[PDB]
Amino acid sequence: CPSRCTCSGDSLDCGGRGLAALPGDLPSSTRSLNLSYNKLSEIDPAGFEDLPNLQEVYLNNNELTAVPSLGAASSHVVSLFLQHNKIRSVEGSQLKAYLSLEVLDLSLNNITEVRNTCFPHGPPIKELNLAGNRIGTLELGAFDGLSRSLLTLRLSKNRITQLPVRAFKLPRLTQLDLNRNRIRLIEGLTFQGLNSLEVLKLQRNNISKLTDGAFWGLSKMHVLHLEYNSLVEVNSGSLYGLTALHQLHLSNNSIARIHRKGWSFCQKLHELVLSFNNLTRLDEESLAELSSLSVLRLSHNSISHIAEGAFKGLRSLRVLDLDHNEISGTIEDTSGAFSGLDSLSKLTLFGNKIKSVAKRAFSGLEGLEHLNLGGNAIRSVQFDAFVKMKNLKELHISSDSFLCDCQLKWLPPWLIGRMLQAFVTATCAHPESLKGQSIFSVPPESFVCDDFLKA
C-alpha cells in the first residue's frame, strides 16, 4: 500500500495528498481509486497494471487538460470522475478504450464544443455529465454514438443557443438536462428521437416562443420544466403530442393568458404550476379538459376575475392555490366561480383583496377540508357562509377590519362549535366601542346594528 495513500479494504484514498505525480505501487485488489484534489497535470498509463478490479476512479479537481488513458486498466473502469479539471476537448480516440465505462463526469471543465467524434461507438455510457462547461456548439448527432446505452445527459450551465429539428437520436434517454443555457426558441419536432424521455429540463433559458409541435415525439414524457423563461403565453400547438405529461412547470414566466385547446393534448396531467406569472383572469371552462388534474397552482399572479365555471371539468382537483392575487369581488359578490370543484380538499386565497364573504361564493365547494382566507382585510361574513362545507376542519382568518354588529354575531359561536377558532385571528375595527377587541372577547349581545323600525 502506497506511502502517503490510505488503504481501507479494496478502496485506495490518495485524495488531497498534494501530488503532481502518481504513487504506484498500486495493489492488485484496488477497486476504488481516489486521486481527487491533487495537482495532476497528466496521467502515466503504465502505472495501471495490474488492476483487474479497477472500477471506480476519481480524478476530479486536478489540472488535467485532456481525458486520460488508464492504460491496461481502462477497459474495466465503470465510473470515471473528471469534473473540475481544465479539459478543453473530448477525444474519441481516448474514450474508445473504455469498454465498461458507464458513468462519465466531465462537468466544470473548459469544453466549448462537442462534435460527433467526441463520443464514438465504444464506451457504453449510461450517464454523461457535461454541465458547467462553456459548450456553445453541438454538432448534429454529437451523442448518437452513445444511443444504445445513454439514459441520462446533463448539459446544464453551458452556452447552448439553439437546437435543430430532430436534434437527438437517443431513443433510450430518460432524462435530458438543458437548464441554464441560452435557448430562445424551440422548433417543431426538436425532440423527436427521444422516445423514452421522461424528464425534460429547459428552465432558466431565454425561451420566448414554443413552436407548434415543439415537444411532439415526447409521448412518454412525464415532467416538463420550463420555469424562468420568457413565455408571454403557452400556445395550444406547442403542447401537441404530450399525451403522458403529468407535471408542467411554467412558473416565473410572463404568461398573461391561457388557451383551452392545448389542454386536450395532455389530458393525463396531474400537476400544473402557473405561479409567478401575469394572469389577470380565469375564463369559463378554460381548464375543462384537464379532468385528471389533482394540483393547480396559480398564486402570485394578478388574477382579479374568475368566471363562473372557470374550474368546471376539474373533477379530480384536490388542491387549488390562488394565494397572493388580486381576488376580491369573486368572494364578495360572484356565485359559481368554484362549481365543478366538488372533490376539492384544500383551497387558499391568502393575501388577496377580500373585504367580505358571501354564502353564494362557495357554491361547489362541499368537500372542502381546508380553507385559507388569511391576509385579507375581511369586514364581514354572511350568516352561515360556510354552511355547505360540512367537512371543513381548517379555516384561516387574519383580519383587524371586522364590523362587529348584529351581522357578525353568529360567527364566534359557530367557529367554536366546529373547532375552527384555532386559526382565526379576528379583531374589531368598528364600532368604536369595540375597537381592537377580539371577536371572541366581545359579549354576545354587544353585537348590534341599528334597528330603526323597532324590529
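Don't overthink the numbering: it's just position in the shown sequence, from 1.
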item: Stretch exceeding the other in mean C-alpha B-factor - 148-156, 106-114; value: 106-114
item: Mean temperature factor over C-alpha atoms, higher-scoring stretch between 1-9 and 446-454; value: 1-9
item: Among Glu198, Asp321, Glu271, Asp342 - the residue whose C-alpha B-factor is largest in the record; value: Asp342
item: Maximum C-alpha temperature factor, selected from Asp177, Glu227, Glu127, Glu91; value: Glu91
item: Entry-reported Cα temperature factor of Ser100, expressed as the chain third it lands in; value: lowest
item: CA B-factor ranking of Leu218, expressed as a third of its chain; value: lowest
item: Entry-reported Cα temperature factor of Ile183, expressed as the chain third it lands in; value: lowest
item: Chain thirds of CA B-factor: placement of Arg315; value: middle
item: Ranked against its chain, the third holding the CA B-factor of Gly237; value: middle
